[PDB]
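So that the names make sense, note that chain A is the first sequence line, chain B the second, and so on, each numbered from 1. Note that these values count all heavy atoms, side chains included, but never hydrogens, waters or copies made by symmetry.
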Amino acid sequence: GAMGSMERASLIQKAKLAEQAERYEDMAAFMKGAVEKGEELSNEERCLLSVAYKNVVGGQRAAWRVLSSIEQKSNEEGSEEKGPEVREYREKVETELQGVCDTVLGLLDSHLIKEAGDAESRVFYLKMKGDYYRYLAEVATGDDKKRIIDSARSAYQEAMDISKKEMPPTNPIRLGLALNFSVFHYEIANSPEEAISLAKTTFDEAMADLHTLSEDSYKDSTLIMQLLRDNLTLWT
Amino acid sequence: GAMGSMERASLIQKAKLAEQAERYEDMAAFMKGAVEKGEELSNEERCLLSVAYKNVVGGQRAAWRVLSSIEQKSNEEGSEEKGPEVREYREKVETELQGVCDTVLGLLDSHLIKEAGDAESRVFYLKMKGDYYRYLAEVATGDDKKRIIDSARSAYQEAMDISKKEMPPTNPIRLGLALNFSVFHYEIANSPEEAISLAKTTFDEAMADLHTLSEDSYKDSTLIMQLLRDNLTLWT
Amino acid sequence: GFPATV
Amino acid sequence: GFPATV
Ligand SMILES: *SCCNC(=O)C(C)(C)Oc1cc(F)cc(F)c1
Ligand SMILES: *SCCNC(=O)C(C)(C)Oc1cc(F)cc(F)c1
Ligand SMILES: [Mg+2]
Ligand SMILES: [Mg+2]
Ligand SMILES: [Mg+2]
Ligand SMILES: [Mg+2]
């Protein structure tokens with residue numbers, strides 16, 4: 001790794017600097033270096049890792065969607081043939097996105113998940129595993145598409161099972177997991193009713209547990225509950 | 001060049017796609033490939049080249065300024081020593097920025113400027129040469145700082161001399177050149193009075209020539225005149 | 001109209 | 001308060 005010669009603590013410090021500078025590719029490379037030191041990550045370090053990669057892949061997904069839209073319009077009837085360029089460039093962005101997903105999935109498999117014994121770390125990493133299989137599923141078309149979809153579902157389901165046993169219903173990781181698994185159901189699995197049921201049940205169970213929280217915990221939980229409500233409003 | 005095997009027209013088409021997808025690094029790599037085909041660029045292609053690199057280097061400059069600010073605060077009295085990391089990472093971003101500037105300057109010197117005989121192409125390229133020396137000057141500290149500053153000034157001055165002889169005072173390239181040379185005077189050369197005089201004289205001479213323009217030309221010229229007025233308002 | 005994820 | 005350039 002090009003980060004092999006840098007101290008773990010310096011990689012973490014530079015990931016925080018890169019975040020402040022909105023240099024998300026650098027932030028992700030610093031956090032990949034920190035993971036590859038082999039030690040478990042703290043709560044804050046897991047957040048740094050997730051923020052870095054979510055921003056990199058989020059930009060790739062946005063560009064992929066622009067290009068896929070142009071490609072679809074170029075393939076309608078009455079459209080003038082523009083040659084292979086739109087497909088080639090959509091494929092280039094798609095292959096880069098798939099590479100970033102495979103990199104994150106590789107960090108999770110070697111060896112973040114297997115060393116994660118506490119619920120807050122294991123649920124976080126299994127949620128990320130579902131997320132990056134979900135991003136692969138967004139662009140998948142081949143023999144492996146169903147297996148990619150099922151890998152996302154399986155990771156999300158394991159995270160859900162642990163979160164329901166080990167975390168309160170307002171825990172922000174449990175809420176964010178449910179938000180994203182609900183989006184998986186709606187957008188990937190063609191299961192809008194399951195998406196809506198999961199979002200509603202998650203919101204209602206969190207609502208009933210807010211009375212137990214401090215003001216700071218309440219702010220974190222209600223932020224995610226508002227996103228569940230936003231999605232429910234989009235879908236109903 | 002990694003773009004050597006792609007058709008010129010396909011490089012231009014992909015630069016336009018990359019722009020739509022806000023993938024400015026790709027856009028710049030496609031346009032570098034197109035320049036390296038060795039043919040002169042059209043007006044639209046020059047715009048694509050300039051937009052691509054202005055967006056790449058603009059992001060680098062913004063990140064450099066964030067990091068340089070953190071570095072300066074870390075070096076004040078009473079600040080806790082955080083070690084070499086802030087300087088190292090500012091240096092990394094600085095070296096990347098300098099590499100992009102050297103790449104653009106190299107395209108201009110090999111061989112865009114020497115083949116540019118019409119005023120609209122030659123002024124455009126000499127303005128870009130001043131711009132990328134100006135970005136080098138923003139980060140320069142060594143034995144060569146004065147020469148970097150003078151290379152920017154010399155390129156801007158040649159562009160100004162051609163633009164005053166060969167273009168009307170409302171021409172948007174002549175206006176954009178003057179806007180940026182005025183910023184050079186204010187921010188780089190420590191010459192705020194020259195910056196203000198150039199902005200005012202440029203604005204007034206354009207105002208007096210707007211009556212000659214069509215509605216479309218008027219919109220382009222007044223857009224840049226508003227930026228001159230914005231800077232004058234900031235500076236006075 | 002893309003849905004919210006975290 | 002950075003000045004405008006094009
Ligand atoms: S890990 C980033 C800090 N937490 C958040 O910003 C918040 C409240 C949205 O919670 C989550 C963030 C996140 F990236 C994943 C989660 F499951 C929750
Ligand atoms: S080349 C981009 C098209 N023109 C513009 O957007 C406008 C009107 C701002 O003019 C200039 C742009 C540019 F990049 C450089 C110029 F000198 C003018
Ligand atoms: Mg060590
Ligand atoms: Mg259920
Ligand atoms: Mg050819
Ligand atoms: Mg004068």
Side-chain angles (χ1 to χ4, degrees), chain A residues 1-64 92-113 115 124-125 128-129 131-132 135-136, chain B residues 2 22-26 28-29 55-68 70-71 82-100 103 139:
Chain A
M3 301 299 177
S5 64
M6 206 186 307
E7 287 280 18
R8 190 186 188 280
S10 299
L11 288 163
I12 299 295
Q13 184 182 354
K14 290 177 184 184
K16 290 174 191 178
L17 294 168
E19 185 180 26
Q20 293 304 119
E22 300 178 278
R23 292 270 292 197
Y24 294 104
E25 290 184 25
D26 290 348
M27 193 189 175
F30 291 134
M31 287 313 300
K32 173 176 193 286
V35 169
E36 292 173 348
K37 296 302 173 185
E39 308 274 3
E40 299 187 26
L41 304 195
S42 71
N43 294 325
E44 178 175 8
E45 294 161 352
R46 288 189 298 272
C47 281
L48 293 166
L49 175 71
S50 167
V51 164
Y53 281 106
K54 174 177 167 64
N55 276 272
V56 171
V57 79
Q60 295 171 317
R61 289 164 73 212
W64 185 97
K92 180 189 184 186
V93 170
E94 183 173 302
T95 299
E96 187 192 288
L97 183 156
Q98 289 171 321
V100 172
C101 292
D102 287 346
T103 289
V104 174
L105 293 166
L107 295 172
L108 297 168
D109 198 53
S110 301
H111 298 279
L112 291 172
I113 288 168
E115 294 298 359
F124 194 94
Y125 292 137
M128 289 184 59
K129 182 176 181 172
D131 288 338
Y132 288 83
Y135 305 150
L136 287 174
Chain B
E22 300 178 278
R23 292 270 292 197
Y24 294 104
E25 290 184 25
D26 290 348
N55 276 272
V56 171
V57 79
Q60 295 171 317
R61 289 164 73 212
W64 185 97
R65 287 174 181 167
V66 163
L67 294 173
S68 182
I70 295 167
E71 190 183 7
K82 305 291 203 102
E85 286 89 355
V86 178
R87 170 186 56 74
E88 284 168 353
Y89 184 48
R90 184 271 301 159
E91 284 171 346
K92 180 189 184 186
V93 170
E94 183 173 302
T95 299
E96 187 192 288
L97 183 156
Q98 289 171 321
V100 172
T103 289
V139 306

### Message
Tell me if a side-chain donor or acceptor on B:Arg90 pairs with a main-chain N or O of B:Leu67 at a distance below 3.5 Å.
### Response
no
### Message
Do A:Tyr132 and A:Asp102 pair up side chain to side chain, a donor and an acceptor below 3.5 Å, judged on atom types alone?
### Response
no
### Task
Report yes if some heavy atom in the side chain of A:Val56 is under 4.5 Å from a heavy atom in the side chain of A:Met27; otherwise report no.
no
#### Entry: Close side-chain approach of A:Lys16 and A:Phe30, heavy atoms under 4.5 Å
no
### Message
Within the 4.5 Å heavy-atom criterion, are A:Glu36 and A:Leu107 side-chain neighbours or not?
### Response
yes
#### Entry: Minimum-distance pair of heavy atoms, taken over all atoms of A:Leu48 and A:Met31
CB-SD, 3.8 Å
### Query
Where do A:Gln60 and A:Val100 come nearest, in terms of heavy atoms and distance?
NE2-CG2, 3.5 Å
#### Entry: Point-to-point distance, once rounded to the nearest 0.5 Å, from NZ of A:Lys54 to CG of A:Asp131
7.5 Å
### Query
Can you find a pair of side-chain heavy atoms, one from B:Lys92 and one from A:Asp26, that are under 4.5 Å apart?
yes
### Task
Measure from the side-chain N and O atoms of B:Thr103 to the backbone N and O of B:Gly99, and report whether any donor-acceptor pair falls under 3.5 Å.
yes
### Message
Minimum heavy-atom separation for A:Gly33 and A:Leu11, please, with both atom names.
### Response
C-CD1, 3.7 Å
### Message
Between B:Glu88 and A:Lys14 (salt bridge meaning N to carboxylate O under 4.0 Å), is one present in this structure?
### Response
yes
### Query
Do you know the tightest heavy-atom contact between B:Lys82 and B:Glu85?
O-OE1, 2.8 Å
#### Entry: Least distance between heavy atoms, A:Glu40 atom then A:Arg8 atom
O-NH2, 3.0 Å
### Query
What closest approach, in Å, do A:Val57 and A:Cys101 show between heavy atoms, and which atom pair accounts for it?
CG2-SG, 4.2 Å
### Summary
Rounding to 0.5 Å, atoms CZ (A:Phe124) and CG (A:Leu108) come to a distance of 9.5 Å
### Message
Once rounded to the nearest 0.5 Å, what's the spacing between atom OG of A:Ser42 and atom CD1 of A:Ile12?
### Response
7.0 Å
### Message
Would you compute the distance between atom OH of B:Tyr89 and atom CG of A:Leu17 and round it to the nearest 0.5 angstrom?
### Response
7.5 Å
### Query
Between B:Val139 and B:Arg61, does a side chain to side chain contact (heavy atoms under 4.5 Å, CB included) hold up when you go through it step by step?
CA-CA 9 Å; B:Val139 306; B:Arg61 289 164 73 212; over 6 Å; no
### Query
Would you say B:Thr95's side chain and B:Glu91's backbone share a donor-acceptor pair under 3.5 angstrom?
yes
### Task
Give the intermediate values and the outcome of side chain to side chain contact (heavy atoms under 4.5 Å, CB included) for residues A:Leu136 and A:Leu105.
CA-CA 11 Å; A:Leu136 287 174; A:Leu105 293 166; 3.7 Å; yes
### Message
With a 6.0 Å cut-off (strictly less than), is the heavy-atom count around CD of B:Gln98, excluding the residue itself, greater than 12?
### Response
yes
### Message
Under a 3.5 Å distance rule, please check whether A:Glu96 uses its side chain to pair with a backbone N or O of A:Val93 as donor and acceptor.
### Response
no
### Query
Would the A:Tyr24 and A:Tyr53 ring centres measure less than 6.0 Å apart?
no
### Greater than 12 external heavy atoms within 6.0 Å of A:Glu19's CD
yes
### Message
Regarding B:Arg87 and B:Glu71, does a basic nitrogen lie under 4.0 Å from an acidic carboxylate oxygen?
### Response
no
